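*Asks:* Dropping a structure here in structure tokens format, bear with me for questions.
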Amino acid sequence: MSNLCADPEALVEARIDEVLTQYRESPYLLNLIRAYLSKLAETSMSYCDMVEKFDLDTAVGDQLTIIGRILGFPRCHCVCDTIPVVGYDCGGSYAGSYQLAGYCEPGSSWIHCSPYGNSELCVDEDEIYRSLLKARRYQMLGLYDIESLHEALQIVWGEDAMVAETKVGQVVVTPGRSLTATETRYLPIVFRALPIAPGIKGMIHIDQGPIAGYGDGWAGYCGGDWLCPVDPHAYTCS
Amino acid sequence: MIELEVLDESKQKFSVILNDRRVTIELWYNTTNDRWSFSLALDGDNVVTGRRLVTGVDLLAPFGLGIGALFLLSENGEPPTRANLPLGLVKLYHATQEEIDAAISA
Amino acid sequence: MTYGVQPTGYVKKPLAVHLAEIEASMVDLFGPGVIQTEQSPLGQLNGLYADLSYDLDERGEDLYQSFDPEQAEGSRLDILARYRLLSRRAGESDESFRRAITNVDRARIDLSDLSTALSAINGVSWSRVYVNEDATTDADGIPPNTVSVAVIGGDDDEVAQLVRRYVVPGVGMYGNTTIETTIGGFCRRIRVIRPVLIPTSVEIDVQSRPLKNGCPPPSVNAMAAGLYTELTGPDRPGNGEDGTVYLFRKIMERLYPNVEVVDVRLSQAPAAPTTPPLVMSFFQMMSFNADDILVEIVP
Amino acid sequence: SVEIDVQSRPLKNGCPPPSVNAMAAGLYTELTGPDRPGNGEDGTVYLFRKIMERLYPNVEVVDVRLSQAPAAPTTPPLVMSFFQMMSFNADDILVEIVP
Amino acid sequence: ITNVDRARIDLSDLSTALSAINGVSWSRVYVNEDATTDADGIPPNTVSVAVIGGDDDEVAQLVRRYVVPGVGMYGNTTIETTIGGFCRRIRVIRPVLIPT
């Protein structure tokens, strides 16, 4: 569409124009009416901030959670992983049985959190959950071909990502770059969102670097590496 | 299929027997967005309320009411307007499910 | 602008805030000498219009929640699900359809489209989807790179036309029932599981453990009726699930925490109950009767 | 001091074995919250297995060991008198999976 | 209303409330406020209720709001009640009718 609403003063003046001649120059009456109507107009302006807060390319927070709930990919998932816990390691080091967080960790969770006491790793950084939803809208439509899987991987990981092999029931992918800790920890959730046909096992390159070999779009000596598909353990501990 | 006449009034209401059901339709014009909207009541109960009249799609598809398709058409795909809907430049049509099936098969 | 649509949701301006800034607008107009007490002519007007502004905020919250499957309800919930072309079943509740839209965990998000469309098929009482995506046959007997479907009810034609369009070519299917399907002349045999029901006889011994001597245990008939409901519900034991002491001790104690399960006994009817485990194969299922369930309290 | 040894029983289409830390923190929060074991409530296998199997339906409890800090964990029952009450610490709960 | 001579000015409220339940054809209230058991078998500091007819649920909930905690009840039929979760067990006497 286009601009839904207008400035409140435009609407209120449009209405003040309808006043009677005998009141056209009553500054106290007109200013009282303006005071009372300018708030209704201002209150309702807050609604045109309900228009692009759900834009998948820009949504954040609860607006992104609601889109995730529409697309059927919640923010958090069960895993076989020791999520980092917010807390102090008794200074230098303490024996304990947990691992700790330090003000910059997507694995933010307190030991008392409900989506932590039952092993739900919850995705907090919007830039990664947005990518997961942009990939999930491919599982939605069942676009399992390479032309679509490569496009999904570009959004998840970057322009260097690629899909390598198509064995019997086993497909390898690579980000094409060293991953950071946040991306490594979220990796199991990425293979739950990628468009890979059920009954076919997704794998991952070891070094997350571009694959080598012969052909047109590949990597040579500098930049490439020998393939090695490994199990990301997206659904199992084993 | 049938054509449903629209009067030159910003709010109008009528009743028609669709698939042997008494369907009451209420059209009202929203000046702020310059668009027509419809509420539909099946046998006295409002099943659809506040839907935007848009050309070229089945307006009743999401609801599974079982009363066929209700759709708007125009020669060059113009959008419905206060002036252009009552003039017959945009026509409201009801199509029965069997007719839709026969056309789809043909 | 902390109010309105915020990263935490829709933040609502309090009525007191509305009234206070109405009063600020009126002080800026009439001067500091104005009277605005809640019982004066100007105070009453301020209250009325503060209420109207707050009701506009209420509308804003309604409009925001009309796009959250957790708050949307009715035909608007149906339109929301129309983004993924899910459909509500007959008599399905908003809570159930909402859980289907959201895909609450499910621990494996894919195969959710197939699972939900199967459930939507008319007549399908119980449905379940399995997959063997490794290069080895799993302990349940599913060959590698295979999709298995278990379904009770529904016509084979609709079931198979759905399963064919949800499972890609080049992926097999493990099952006991075969359905021949045709599209454009191409001829796929879709194998599904129609689990064979084994009438199970179940006899349970329980001890009473009142919570802080809080309230005493219920009656034997009530506990047996609860267990029959639990085992006949949508969370009934699946195919290939052997009857064990653990399963029933997990069901009884959850249904009635003040009761300790001591000894479970199972058998295939009409055979006498005995020691578990009762082994069901992957094509078999446990089927229960109200009469067969028996519960006894022991000292 | 409390110690639970469990066997994972994952239904085919379900989450994997939940992590030991998550299992420990879930038991800790539920034993520390309003539904904590009250005074004069003997620590016993019934209570802990009930709690664990209610939290994690895909887990079977093999055994419970209980004692007082620093005393070595002992087979239940852990007798508490009507005036004595059990206390717990997050770092004093240990969960492990048995094969 | 007047509490015509009863010899127990308290307990008349409970007696009246019991008789006011639907279906209660006969009712009576007994007490042993002494520290020793009476020859009738009522333990010390005990309030007993005898009643014929009326639903157990309503009878027990009514007796509960008249008999205070810390006071026992002697009877042959036990009914389990609940207010706010604090389930109690209220014992009353359902007389056995012996034809004569």
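Chains as they are written, first to last, in PDB author numbering: chain C, 1 to 238; chain i, 1 to 106; chain A, 1 to 299; chain R, 201 to 299; chain Q, 101 to 200. Think of the CB as a built atom: it goes at the ideal place given N, C-alpha and C, for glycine as much as any other residue.
Decide yes or no for the touch test of the segment 230-243 of chain R against the segment 222-233 of chain A: beta carbon pairs closer than 8 Å, at least 3 of them.
*Replies:* Touching, no, given that fewer than three Cβ pairs across the two stretches are closer than 8 Å.
*Asks:* Could you check which residue in A:213, A:114, A:1 has the C-alpha nearest to that of residue 45 of chain C?
*Replies:* Checking every option, the nearest Cα to that of residue 45 of chain C belongs to A:1.
*Asks:* Starting from residue 94 of chain i, follow its DSSP beta bridges and name the residues at the other end.
*Replies:* Answer is i:2, i:70.
*Asks:* Which residue from A:27, A:3, A:30, A:172 puts its Cα closest to that of residue 17 of chain A?
*Replies:* Selected option, being the one with the closest Cα: A:3.
*Asks:* For chain A, find out if any of its Cβ atoms is closer than 8 Å to the Cβ of residue 71 of chain i; answer yes or no.
*Replies:* Residue 71 of chain i does not count as touching chain A.
*Asks:* Would you report the Cα separation of residue 29 of chain C and residue 20 of chain A, rounded to the nearest angstrom?
*Replies:* Straight-line Cα distance between these residues: approximately 20 Å.
*Asks:* For residue 27 of chain i and residue 98 of chain A, what's the separation of their Cα atoms in angstroms?
*Replies:* Taking the straight line joining both Cα atoms gives about 31 Å.
*Asks:* Residue 181 of chain Q and residue 187 of chain Q: beta carbons closer than 8 Å?
*Replies:* Taking 8 Å as the Cβ cut-off, residue 181 of chain Q and residue 187 of chain Q qualify as a contacting pair.
*Asks:* For residue 63 of chain i, which residues in chain A fall below 8 Å Cβ to Cβ?
*Replies:* Correct list: 75, 78.
*Asks:* Hey, does residue 82 of chain A have any beta-carbon neighbour from chain i nearer than 8 Å?
*Replies:* It does: the Cβ of residue 82 of chain A has a partner Cβ on chain i nearer than 8 Å.
*Asks:* Under 8 Å, Cβ to Cβ, is there at least one residue of chain R near residue 175 of chain A?
*Replies:* So no, residue 175 of chain A is outside the interface.
*Asks:* Which whole runs of the alpha helix (DSSP H) in the segment 21-65 of chain A are 4 residues long or more, in chain order?
*Replies:* Counting whole runs of 4 or more residues, the segment 21-65 of chain A contains the alpha helix (DSSP H) stretches 41-65.
*Asks:* Considering just the uninterrupted stretch of the alpha helix (DSSP H) at residue 247 of chain R, what are its terminal residues?
*Replies:* Start and end: 245-255.
*Asks:* Is there contact here, the segment 137-157 of chain C with the segment 194-202 of chain C, by at least three beta-carbon pairs under 8 Å?
*Replies:* At 8 Å Cβ cutoff, the stretches touch.
*Asks:* The alpha helix (DSSP H) spanning residue 34 of chain C covers which residue range?
*Replies:* Start and end: 27-45.
*Asks:* How should residue 246 of chain A be labelled, buried or exposed, when 16 other C-beta atoms within 10 angstroms of its C-beta is the threshold for buried?
*Replies:* Label assigned to residue 246 of chain A: buried.
*Asks:* For residue 152 of chain Q, is the beta carbon positioned less than 7 Å from some heavy atom of the ligand COA?
*Replies:* By its list of ligands, the structure shown contains no ligand whatsoever, and the ligand COA lies outside what it can speak to.
*Asks:* Measuring only the C-alpha atoms, how far is residue 152 of chain C from residue 118 of chain C?
*Replies:* Whole-angstrom Cα-Cα distance: 30 Å.
*Asks:* If we ignore side chains and look at the alpha-carbon of each, how far apart do residue 296 of chain R and residue 270 of chain A end up?
*Replies:* Rounded to whole angstroms, residue 296 of chain R to residue 270 of chain A spans 41 Å at the Cα level.
*Asks:* Please list the partners that residue 82 of chain C has in chain R, where partner means a Cβ-to-Cβ separation under 7 Å.
*Replies:* By Cβ distance, chain R contributes 219, 221.
*Asks:* To be precise: take each residue of the segment 113-142 of chain C, compare its Cβ to all Cβ atoms of chain R, and keep it if any distance is under 9 Å. Which residues remain?
*Replies:* If the cut-off is 9 Å between Cβ atoms, the segment 113-142 of chain C has 113, 114, 116, 117, 118, 119, 120 near chain R.
*Asks:* For residue 85 of chain A, does the three-state DSSP call read helix, strand or coil?
*Replies:* Coil.
*Asks:* Over the uninterrupted beta strand (DSSP E) stretch that includes residue 52 of chain C, give me the two end residues.
*Replies:* Residue 52 of chain C -> no beta strand (DSSP E), and no H or E assigned at all.
*Asks:* Beta-carbon separation of residue 175 of chain A and residue 198 of chain A under 8 Å?
*Replies:* Not a contact, by the Cβ cut-off of 8 Å.
*Asks:* So residue 70 of chain C contacts chain A; which residues on that side make the cut at Cβ distance below 9 Å?
*Replies:* The contacting residues are 67, 68, 69, 80, 81, 83, 84, 101, 102.
*Asks:* Run through the DSSP bridge pairs and tell me what residue 174 of chain C is partnered with.
*Replies:* For residue 174 of chain C, which the question treats as bridged, DSSP gives the partners C:162.
*Asks:* Anyone know if the C-beta pair for residue 7 of chain A and residue 231 of chain C falls short of 8 Å?
*Replies:* Result no, Cβ atoms of residue 7 of chain A and residue 231 of chain C do not sit closer than 8 Å.
*Asks:* Any idea which residues DSSP pairs residue 199 of chain A with across the strands?
*Replies:* Partner(s): A:287.
*Asks:* Give the secondary structure of residue 19 of chain i by DSSP, where H, G and I count as helix, E and B as strand, and everything else as coil.
*Replies:* Residue 19 of chain i: coil per DSSP, three-state reduction.
*Asks:* Let me make sure I understand the geometry here. Which of A:59, A:113, A:106 has the alpha-carbon closest to that of residue 81 of chain A?
*Replies:* Closest option to residue 81 of chain A, Cα to Cα, is A:113.
*Asks:* Which same chain residues end up closer than 7 Å to residue 77 of chain C when comparing Cβ atoms and leaving out the 5 residues on each side of it in sequence?
*Replies:* 120, 121, 189, 192.
*Asks:* What's the C-alpha gap between residue 2 of chain i and residue 93 of chain i?
*Replies:* Whole-angstrom Cα-Cα distance: 6 Å.
*Asks:* Anyone know if the C-beta pair for residue 264 of chain R and residue 218 of chain R falls short of 8 Å?
*Replies:* Not in contact: residue 264 of chain R and residue 218 of chain R (Cβ atoms no closer than 8 Å).
*Asks:* Where residue 273 of chain R and residue 143 of chain A are concerned, what is the direct C-alpha to C-alpha distance, given to the nearest angstrom?
*Replies:* If I take the Cα positions, the gap works out to 45 Å.
*Asks:* To which residues does DSSP link residue 173 of chain A through a beta bridge?
*Replies:* DSSP lists A:147 as partners of residue 173 of chain A.
*Asks:* Along the alpha helix (DSSP H) that carries residue 16 of chain C, what are the first and last residues, could you check?
*Replies:* From DSSP, the alpha helix (DSSP H) with residue 16 of chain C extends over 8-16.
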